[PDB]
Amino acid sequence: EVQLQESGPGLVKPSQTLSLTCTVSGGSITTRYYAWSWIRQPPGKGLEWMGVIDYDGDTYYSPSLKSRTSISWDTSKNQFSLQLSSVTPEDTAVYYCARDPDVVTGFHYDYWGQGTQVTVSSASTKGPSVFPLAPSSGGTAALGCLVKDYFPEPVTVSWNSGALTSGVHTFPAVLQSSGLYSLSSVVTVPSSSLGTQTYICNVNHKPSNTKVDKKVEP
């Protein structure tokens, strides 16, 4: 099964260059007749097709981005990478890598990556602080975690290492006056399970390599 994975820094400063790497699983990038493209999405805006690399290794770029966009690959790692030059806040976007099933007879993309968010800013990376939100003490209770003062977005919050997904509601983060982000994730569980089931929230802030596991108790 074809799988695409984006990797890269979540924060890049203005005038610096943006570098991302897509790792391909379940298929060779040199196989006929695939093409490997980069598409980016500014927040609340549309998808922008940037470039593409053939199975032969040939690259084709959008005319708008041809001056500062470069696409290369490493066949030994089954990866293709993106380089964007002289980045501006206009380049703050979620970046996607996608596969073209047949570059010869069509430019559409069936398999997409999960997307990685890149924020262009001169500000510094701030690690998140996680605080447990105790459950109250028909027949259910709400418990959660508070992720406080981090930059830039996003923050990933799972529960019991992804096992607990039903009844979980992660809210979008608030932008403070200080410029830092904070969000909360709350899972609704039966009150009877509070003494017989353990609930741990798993926070991951990739831009700061911060991984925090917080057990929520009454």
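All residue numbers are counted from 1 along the displayed sequence.
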Report, from the record, the number of residues in the deposited sequence between residue 137 and residue 138 that have no coordinates, as none, 1 to 3, 4 to 9, or 10 or more.
4 to 9
When the Cα temperature factors in the entry are averaged, is it 87-95 or 100-108 that ends up higher?
100-108
Of 209-217 and 3-11, the one with larger mean CA B-factor:
3-11
Note to self: of 60, 159, 171, 55, the C-alpha temperature factor tops out at 55
Compare the CA B factors listed in the entry for 165, 178, 69, 41 and report the winner.
178
When the modelled residues of the chain are sorted by Cα temperature factor, does residue 34 land in the lowest, middle or highest third?
highest
Considering every modelled residue of the chain and its Cα B-factor in the PDB entry, is residue 201 in the lowest, middle or highest third?
lowest
Third of the chain's Cα B-factor distribution that residue 119 belongs to, per the entry:
highest
For residue 193, the third of its chain into which the C-alpha B factor falls:
highest
Temperature factor at the Cα of residue 184, chain-ranked in thirds, falls in the highest
